[PDB]
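Asks: Have a look at this one.
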Amino acid sequence: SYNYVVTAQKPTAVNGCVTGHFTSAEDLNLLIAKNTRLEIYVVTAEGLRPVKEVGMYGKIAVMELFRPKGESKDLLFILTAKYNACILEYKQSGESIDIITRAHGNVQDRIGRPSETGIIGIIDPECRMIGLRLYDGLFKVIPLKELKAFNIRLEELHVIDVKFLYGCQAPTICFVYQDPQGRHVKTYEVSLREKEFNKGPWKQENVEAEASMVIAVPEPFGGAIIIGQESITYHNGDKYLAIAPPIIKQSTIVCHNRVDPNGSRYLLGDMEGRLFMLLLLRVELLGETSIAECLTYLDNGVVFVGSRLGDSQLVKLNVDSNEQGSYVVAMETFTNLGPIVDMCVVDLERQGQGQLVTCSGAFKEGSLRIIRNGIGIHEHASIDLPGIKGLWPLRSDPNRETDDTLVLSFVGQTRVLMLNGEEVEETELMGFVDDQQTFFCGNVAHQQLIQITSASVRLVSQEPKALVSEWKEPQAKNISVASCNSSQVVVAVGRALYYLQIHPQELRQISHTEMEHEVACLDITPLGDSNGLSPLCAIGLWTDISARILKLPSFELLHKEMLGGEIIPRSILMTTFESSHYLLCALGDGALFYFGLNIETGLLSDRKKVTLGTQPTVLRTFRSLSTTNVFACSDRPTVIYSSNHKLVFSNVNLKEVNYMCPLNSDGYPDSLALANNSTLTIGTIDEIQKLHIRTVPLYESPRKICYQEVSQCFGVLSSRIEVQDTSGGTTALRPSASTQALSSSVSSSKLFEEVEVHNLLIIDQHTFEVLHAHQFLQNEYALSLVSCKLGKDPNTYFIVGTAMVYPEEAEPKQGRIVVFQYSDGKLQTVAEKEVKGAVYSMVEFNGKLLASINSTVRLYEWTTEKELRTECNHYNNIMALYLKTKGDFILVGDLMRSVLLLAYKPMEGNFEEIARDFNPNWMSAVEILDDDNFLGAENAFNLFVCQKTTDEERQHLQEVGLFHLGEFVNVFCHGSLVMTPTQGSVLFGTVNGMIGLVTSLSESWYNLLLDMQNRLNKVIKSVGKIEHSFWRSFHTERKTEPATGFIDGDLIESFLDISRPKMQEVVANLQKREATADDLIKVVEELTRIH
Amino acid sequence: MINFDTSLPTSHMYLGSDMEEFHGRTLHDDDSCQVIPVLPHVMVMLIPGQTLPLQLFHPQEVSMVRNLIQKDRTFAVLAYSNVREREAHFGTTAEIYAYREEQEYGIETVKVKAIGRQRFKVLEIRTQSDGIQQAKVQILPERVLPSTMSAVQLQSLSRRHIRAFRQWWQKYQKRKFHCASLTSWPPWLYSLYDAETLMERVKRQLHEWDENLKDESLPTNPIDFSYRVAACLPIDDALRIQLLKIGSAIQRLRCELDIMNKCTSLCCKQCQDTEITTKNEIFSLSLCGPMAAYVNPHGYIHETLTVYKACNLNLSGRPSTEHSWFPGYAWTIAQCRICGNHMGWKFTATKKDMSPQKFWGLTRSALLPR
Ligand SMILES: Nc1cccc2c1C(=O)N([C@H]1CCC(=O)NC1=O)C2=O
Ligand SMILES: [Zn+2]
């Protein structure tokens, strides 16, 4: 087996964030770490300015800015989880932006135990060094080219937190540490000139038993602020100030930030999303935010809440409290899918069009996320007008800036609609003809309007509406093709072309030409800083099938591209994306050619072909969020946009669009008028991006998810934290999904401070409303969930596997398997089977129920009497956490990678142990790929693939795939978000909100791409200069082995992004059979279509 | 309460004091291949960290070890799958730590004290003309895994360090495994794989056996801890090999807890249904646990389990103090009442003031936890 792995969605969760002056010493910057990604911004004061996004060959652990003495801007230090260290400088020269490495090296030690409190990366205030706490009993020092490092024997093994002390003659580090006596704060002076530690400026003062963080406070204060569970204490030798506020007792303070540069105010954040102000000691609760991983104070009053459990935020710290009393007000919300704890692919809306519903976030940030490929439209009006052949917006009032008129074209007719606010009405625009089909009309030069029909070119004045000019072909012939801007008109009469200028009360005929063949399409869009006057005319011709760039007024040929074929070009368009000029040309077969266009020479370069639909594509230009795009109307409506000076094509979620135009009226602002075969719809376009994310906040923890088609609803296992009230039970913390159910129910017992309450939610696949919530038993922990049909029975049942969890018990002694029927908007309990353990996993096994009970694996038969009956059992000696199946072939998994394969013998009515493998490593997920292979997630963010004459050979599984992903996979799922080169499709959901895709490749296709990877890596410049081979190397604390049987799709996809001479370099002598760059463009393009 | 010195058995005083002590440690690289000698008359399974006492008198064995002292000091102890057809696929290396040569009765004799070091995978057993065998072996590495939460937590929550202490353990679970909410498994599931947790669960049983136990005597490291506990569980040979195969201290502790919980009655291996003692009668009279390996005057190693009460036993002959493994106690031969199988011995105090006044030394080869 040979597999291909690619990122469908980048990590969303925020790992860290900083503020400084990285770009220029003027611009205030916000650097956000999204694991393998680094987003760089400027504080707009009126928003957030997105400057650059750089990917990396490592997981960011440390990220801290610094300015050592004289510097034009800031230097950034980054340390990866694989101990890759680098200093990065920003470099900008026009539209070309590049992150530059200043120093780099691997700081990892040959020996040592990686510390329990994680990697700690501190920096001296004077920029004299880098302090790293990666291993217990050592303090690594990097004095800030090859990042030369050295260790110091740090006596106190268990360091909680550490910071570099401000205002010190000799650099000092203050650290909270624990020993058998207690937990104490200590100081040490780090000497570079002696390469050792010497006694700190002050005594080892005893701190809180649960002291968690050291906050180095700047001058004139100095010293440190130790934070604990109940207390906040300050130390400066002989200076002490111990405070114990009750307001911070509920939750532990997890993060902080400096508000005043002197150190008078600090932001504090707990695990429950409460925001505090530590004033200089006094603490005041500001308000509620998302559960902050990191906090950042920027500009005046605005705060960045970097959340890993929920959507990240921009919030305002007001001086005056609102009616509720909150000094915190939310401005902007940033979608975070992480953590994806479970997911499923469901054909909601259209069949073939797969959607991904995830169990995202945790606690109050718990949500459902629906991820669908393609941009959507928000319908505000819908009108029955079949057979629209054209759409144009008009401003019938020159004094108004908004479109108040919509002009429609039909077979041989023209209808005019007026927009009186939200009211669309049929009218007749004076001067315009209704008995002729329109090819163009719009607002033109000198407060006039134009209408180009099959018969003439009509020029109408706006005050009053009347015909001021009219142009016709001299032999009264019909206009075949027409193009018009604000000052110019170019019309075709078969082979003839005519160039007109729009003057006051005059349509002036400037020039004319005869073409080699019949004219098919025309475009005279003015590009660049051309004040509504285009010196270029784009033209598509019949028979020769050519795209030609002509000069105005001469009609001189500048360029002639031979598109090739028997299919005539239907639509032609000149456009500008990210200041780069392009020529788009659509053929009658739905194929689209797109070239870059030189405005001066007329040269069409970088020919690229894309298959959009089956029908001829119509290209219309529209504006969205102050950015120019192109709507490609066909049976697969598409938006053509620019991302990193490369054209992107995202699908529209509409069956088909024939024609469209942008409408900006008083009633429909910044809208899109779309037309298909039967109706006209006015609406608003979504975010112009590849995927769309619908958020269904639950305000509790979603754990598991499955889908029942026969019920048109999803089954969701969820849990809510409740506190022990001064009554015989518990009370909620806030309203959540399980509390606010349409219809509620609870489990009836038949089996013998903060509590977790478990529920089975029922959610409608359209509205996403909690139709029903079934609360489980007290102390009953719901683990597994499956929506299937069992035995001879034709009813689909929602089945749940539970465990009775008690603090005294370590391994659940009890559990249930509960069969539910969802009828009449209420769950009816069909069967309740009590088992002697935890039901970690359940799977529908060929009309039977396969379910794990602790170590044992059970097969249940569903009788006519409607109750599960024990068939056969397999006692494993290994916990049956993972239970996956395909036919009579069963996979059994342990959290320690102990896999064993079972087979159900039908005639024997027993289980047979095919093969086993026991190689301890933490395993987070597993999925069967095919008959002989299976995929899994292994410790240190890796992926693996195990495969299947002698018995001591056949009874043993072999590890064929090893790959360092850089992500923690919680779920694998068979499905696709897309409507052959590769075999199969498995999607995966991670902790960081990253979604990925795994597909199989052929032996030679794998070798082709592997060879290509080695060649790409010689061309591609790596951020921080990390070797890709090293990054992808299967890594553990023990061994680091190169990646095997896996292709980095993300690396393969960057071939389409490298320079064209660099593509030539990569493909040169690549291959035995030879490979053209054109062959490799098609192969790589084909692979981008899987996601 | 017990007044016997629990340290006394571990020193093997019967072997005699005044032994040449060796300090220097030899350790082979992981997965590395080695050719180690095998002592022909050793038939016991040795767990790493376990003390193996020997009394060698066969000339070929005496010369073997005498030469072994001049170098490596390590030999191979084979974990026989079938002791009759002398088949072994696994084993443990034994390093001599105490050594003494004597000459008596026309023979040259040597008494050694070795310790288990490294488990291995048998690749080929070659035999020498003198009788003693060599073994081409592959050193099996000890697999150490990080915290279950180590990978998932690369965040702010990192710096949350680990009667009435019952609530500490609950606060510990809630805290250490808080990040389980980012994963697809509960904190109570991660506990089932936590070394500290699994160890405190074992330490619970160890304190039921040694009522006078001080935690300082126990190893802190789960690697040394899983092995110490492995060596004092009175289990059958098939189950013992299964335990020796285990690479992880976690998989080992989990195994030991399962054995400990399912263990109830200890019967006579021969008649199988005759109950001799129960889990409740086991107690640690030695620091190395309730069960330990000792040598008789003829070099035969008996792994003996200390229990207070035994049931279907018949004694024969009068007590003796000759070569006693528990100084201050006399032994008398004990056999199964039903079949006559030699089950071990009854130990009785030689002084009126001693506590326990009597106990039972049962050999594990005679027992069956059935
Ligand atoms: N003197 C002999 C002679 C033959 C067999 C044994 C002994 C002997 O002393 N032990 C045990 C009895 C119990 C003991 O404490 N130490 C031993 O060596 C034997 O199996
Ligand atoms: Zn018997």
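Following the order of the structure tokens, first chain is A, next is B, and so on, with residues numbered from 1 inside each chain and ligands from 1 in the order they appear.
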Tell me which protein, DNA and RNA residues are within 8 Å of segment 129-139 of chain A, counting only C-alpha atoms, leaving out same-chain ones fewer than 3 positions away, and put them as a VMD selection string.
Replies: chain A and resid 112 to 115 118 to 124 142 to 144 151 to 159
Asks: Around ligand 1, which protein and nucleic acid residues have at least one atom no more than 12 Å from it, if we count only C-alpha atoms and all ligand atoms? List them as number ranges by chain.
Replies: B: 9, 12-15, 53-55, 292-306, 319-334, 342-348, 359-363
Asks: For ligand 2, collect every residue having any atom at a distance of at most 8 Å from a ligand atom (counting only C-alpha atoms and all ligand atoms); output as an MDAnalysis selection string.
Replies: chainID B and resid 267:274 335:341
Asks: Output N, CA and C atoms for every residue in the selection just made, as a PDB file, in the first residue's frame.
Replies:
```pdb
ATOM      1  N   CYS B 267      -3.884 -23.652  44.420  1.00  0.00           N
ATOM      2  CA  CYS B 267      -4.021 -25.099  44.545  1.00  0.00           C
ATOM      3  C   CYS B 267      -2.713 -25.835  44.295  1.00  0.00           C
ATOM      4  N   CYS B 268      -2.743 -27.161  44.471  1.00  0.00           N
ATOM      5  CA  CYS B 268      -1.656 -28.083  44.185  1.00  0.00           C
ATOM      6  C   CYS B 268      -1.699 -28.343  42.675  1.00  0.00           C
ATOM      7  N   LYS B 269      -0.615 -27.989  41.940  1.00  0.00           N
ATOM      8  CA  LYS B 269      -0.492 -28.120  40.478  1.00  0.00           C
ATOM      9  C   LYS B 269      -0.757 -29.536  40.002  1.00  0.00           C
ATOM     10  N   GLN B 270      -0.371 -30.511  40.823  1.00  0.00           N
ATOM     11  CA  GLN B 270      -0.513 -31.933  40.542  1.00  0.00           C
ATOM     12  C   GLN B 270      -1.965 -32.417  40.542  1.00  0.00           C
ATOM     13  N   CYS B 271      -2.714 -32.260  41.662  1.00  0.00           N
ATOM     14  CA  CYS B 271      -4.102 -32.733  41.665  1.00  0.00           C
ATOM     15  C   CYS B 271      -5.072 -31.671  41.202  1.00  0.00           C
ATOM     16  N   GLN B 272      -4.577 -30.446  41.043  1.00  0.00           N
ATOM     17  CA  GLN B 272      -5.260 -29.283  40.494  1.00  0.00           C
ATOM     18  C   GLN B 272      -6.411 -28.730  41.314  1.00  0.00           C
ATOM     19  N   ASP B 273      -7.261 -29.565  41.949  1.00  0.00           N
ATOM     20  CA  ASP B 273      -8.406 -29.017  42.695  1.00  0.00           C
ATOM     21  C   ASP B 273      -8.180 -28.907  44.203  1.00  0.00           C
ATOM     22  N   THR B 274      -7.100 -29.495  44.740  1.00  0.00           N
ATOM     23  CA  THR B 274      -6.803 -29.368  46.164  1.00  0.00           C
ATOM     24  C   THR B 274      -6.312 -27.955  46.481  1.00  0.00           C
ATOM     25  N   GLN B 335       4.020 -31.608  52.174  1.00  0.00           N
ATOM     26  CA  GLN B 335       3.509 -32.202  50.949  1.00  0.00           C
ATOM     27  C   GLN B 335       2.004 -32.072  50.914  1.00  0.00           C
ATOM     28  N   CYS B 336       1.439 -32.088  49.712  1.00  0.00           N
ATOM     29  CA  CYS B 336       0.005 -32.099  49.495  1.00  0.00           C
ATOM     30  C   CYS B 336      -0.570 -33.353  50.185  1.00  0.00           C
ATOM     31  N   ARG B 337      -1.708 -33.197  50.902  1.00  0.00           N
ATOM     32  CA  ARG B 337      -2.378 -34.277  51.633  1.00  0.00           C
ATOM     33  C   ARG B 337      -2.892 -35.310  50.658  1.00  0.00           C
ATOM     34  N   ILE B 338      -3.437 -34.838  49.552  1.00  0.00           N
ATOM     35  CA  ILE B 338      -4.043 -35.699  48.563  1.00  0.00           C
ATOM     36  C   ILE B 338      -3.033 -36.496  47.749  1.00  0.00           C
ATOM     37  N   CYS B 339      -2.143 -35.824  46.977  1.00  0.00           N
ATOM     38  CA  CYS B 339      -1.221 -36.504  46.062  1.00  0.00           C
ATOM     39  C   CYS B 339       0.193 -36.735  46.585  1.00  0.00           C
ATOM     40  N   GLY B 340       0.605 -35.996  47.585  1.00  0.00           N
ATOM     41  CA  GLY B 340       1.939 -36.190  48.126  1.00  0.00           C
ATOM     42  C   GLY B 340       3.003 -35.329  47.488  1.00  0.00           C
ATOM     43  N   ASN B 341       2.585 -34.397  46.637  1.00  0.00           N
ATOM     44  CA  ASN B 341       3.474 -33.459  45.954  1.00  0.00           C
ATOM     45  C   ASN B 341       4.211 -32.634  46.981  1.00  0.00           C
TER      46      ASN B 341
END
```
Asks: Should the cut-off be 7 Å, what would the residue list for chain A against chain B look like, counting only C-alpha atoms, as a list in words?
Replies: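 Using only C-alpha atoms, chain A residues at most 7 Å from chain B: residues 15, 61, 117, 118, 160, 161, 212, 254, 255, 293, 339, 341, 362, 920, 921, 939, 940, 968, 970 and 991 of chain A.
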Asks: As a PDB file with C-alpha atoms, in the first residue's frame, please: every residue in segment 799-834 of chain A that DSSP puts in strand (DSSP E).
Replies:
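What follows is the written file result.pdb:
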```pdb
ATOM      1  CA  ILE A 799     -27.936   2.614  19.893  1.00  0.00           C
ATOM      2  CA  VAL A 800     -25.817   3.952  22.834  1.00  0.00           C
ATOM      3  CA  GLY A 801     -23.050   2.196  24.789  1.00  0.00           C
ATOM      4  CA  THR A 802     -22.496   3.456  28.320  1.00  0.00           C
ATOM      5  CA  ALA A 803     -20.266   2.967  31.390  1.00  0.00           C
ATOM      6  CA  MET A 804     -21.197   3.489  35.047  1.00  0.00           C
ATOM      7  CA  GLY A 815     -22.496  -0.559  31.655  1.00  0.00           C
ATOM      8  CA  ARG A 816     -25.524  -0.534  29.351  1.00  0.00           C
ATOM      9  CA  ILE A 817     -26.427  -0.979  25.682  1.00  0.00           C
ATOM     10  CA  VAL A 818     -29.582   1.034  25.042  1.00  0.00           C
ATOM     11  CA  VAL A 819     -31.741   0.637  21.901  1.00  0.00           C
ATOM     12  CA  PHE A 820     -33.897   3.697  21.068  1.00  0.00           C
ATOM     13  CA  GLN A 821     -36.556   4.305  18.378  1.00  0.00           C
ATOM     14  CA  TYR A 822     -37.085   7.874  17.146  1.00  0.00           C
ATOM     15  CA  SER A 823     -40.830   8.173  16.351  1.00  0.00           C
ATOM     16  CA  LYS A 826     -39.707  11.499  20.933  1.00  0.00           C
ATOM     17  CA  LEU A 827     -37.106   8.730  21.637  1.00  0.00           C
ATOM     18  CA  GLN A 828     -38.726   5.458  22.767  1.00  0.00           C
ATOM     19  CA  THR A 829     -36.489   3.025  24.696  1.00  0.00           C
ATOM     20  CA  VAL A 830     -36.805  -0.402  22.951  1.00  0.00           C
ATOM     21  CA  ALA A 831     -34.089  -2.476  24.738  1.00  0.00           C
ATOM     22  CA  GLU A 832     -31.850  -2.015  27.834  1.00  0.00           C
ATOM     23  CA  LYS A 833     -29.046  -4.662  28.057  1.00  0.00           C
ATOM     24  CA  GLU A 834     -26.901  -4.526  31.232  1.00  0.00           C
TER      25      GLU A 834
END
```
Asks: Neighbouring residues of segment 205-221 of chain B were defined as those with any atom within 8 Å, considering only C-alpha atoms; residues of the same chain fewer than 3 positions away were excluded. Please report them as a ChimeraX atom specification.
Replies: /B:2,201-202,224-225,282-285,287,290
Asks: Any idea what's packed within 12 Å of segment 227-235 of chain A, counting only C-alpha atoms, ignoring anything in its chain fewer than 5 positions away? Could you give it as a ChimeraX atom specification?
Replies: /A:160-161,165,174-176,183-187,201-217,221-222,240-256,268-271,278-283 /B:159-161
Asks: One decimal, Å: what's the distance from atom CA of residue 560 of chain A over to atom CA of residue 544 of chain A, could you say?
Replies: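 So the two atoms, atom CA of residue 560 of chain A and atom CA of residue 544 of chain A, lie 10.5 Å apart.
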Asks: Extract, using only C-alpha atoms, all DNA, RNA and protein residues at most 10 Å from segment 905-913 of chain A, discarding same-chain residues fewer than 2 positions from it, and format them as a VMD selection string.
Replies: chain A and resid 857 to 859 871 to 876 888 to 890 900 to 903 915 to 916 955
Asks: Export C-alpha atoms of the chosen residues as a tab-separated table (two decimals), in the first residue's frame?
Replies:
```tsv
chain	number	residue	atom	x	y	z
A	857	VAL	CA	-15.64	-8.41	22.41
A	858	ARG	CA	-19.32	-9.46	22.08
A	859	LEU	CA	-21.54	-10.34	19.14
A	871	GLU	CA	-24.00	-15.04	20.36
A	872	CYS	CA	-20.19	-15.49	20.61
A	873	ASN	CA	-17.43	-13.83	22.72
A	874	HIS	CA	-13.71	-13.16	22.31
A	875	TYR	CA	-11.68	-12.54	25.54
A	876	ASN	CA	-8.69	-10.38	24.48
A	888	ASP	CA	-16.36	-10.85	8.41
A	889	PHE	CA	-12.98	-9.10	9.17
A	890	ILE	CA	-12.80	-7.27	12.59
A	900	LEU	CA	-5.47	-7.76	16.80
A	901	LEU	CA	-7.57	-8.96	13.84
A	902	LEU	CA	-10.59	-11.19	14.35
A	903	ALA	CA	-12.76	-13.19	11.92
A	915	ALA	CA	-3.16	-11.76	13.30
A	916	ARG	CA	-1.79	-9.58	16.13
A	955	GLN	CA	-0.49	-14.34	11.82
```
Asks: With only C-alpha atoms as the atoms that count, which of A:792, A:458, A:52, A:1035 lies nearest to residue 431 of chain A?
Replies: A:458
Asks: Applying 10 Å and only C-alpha atoms, which residues near residue 240 of chain B remain after dropping the ones on its own chain fewer than 2 positions away? List them as a ChimeraX atom specification.
Replies: /B:45-47,79,81,230-231,233-238,242-245
Asks: Give the alpha helix (DSSP H) residues of segment 97-290 of chain B, as assigned by DSSP on the backbone, as a PyMOL selection string.
Replies: chain B and resi 166-176+187-191+195-209+222-230+237-245+249-262
Asks: Using atom CA of residue 102 of chain A and atom CA of residue 33 of chain A as the two end points, give the distance in Å to one decimal.
Replies: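 Spanning atom CA of residue 102 of chain A to atom CA of residue 33 of chain A is a straight-line distance of 19.7 Å.
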Asks: Work out how far apart atom CA of residue 172 of chain A and atom CA of residue 294 of chain A are and give it in Å to one decimal.
Replies: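 Atom-to-atom, atom CA of residue 172 of chain A and atom CA of residue 294 of chain A are spaced 24.9 Å apart.
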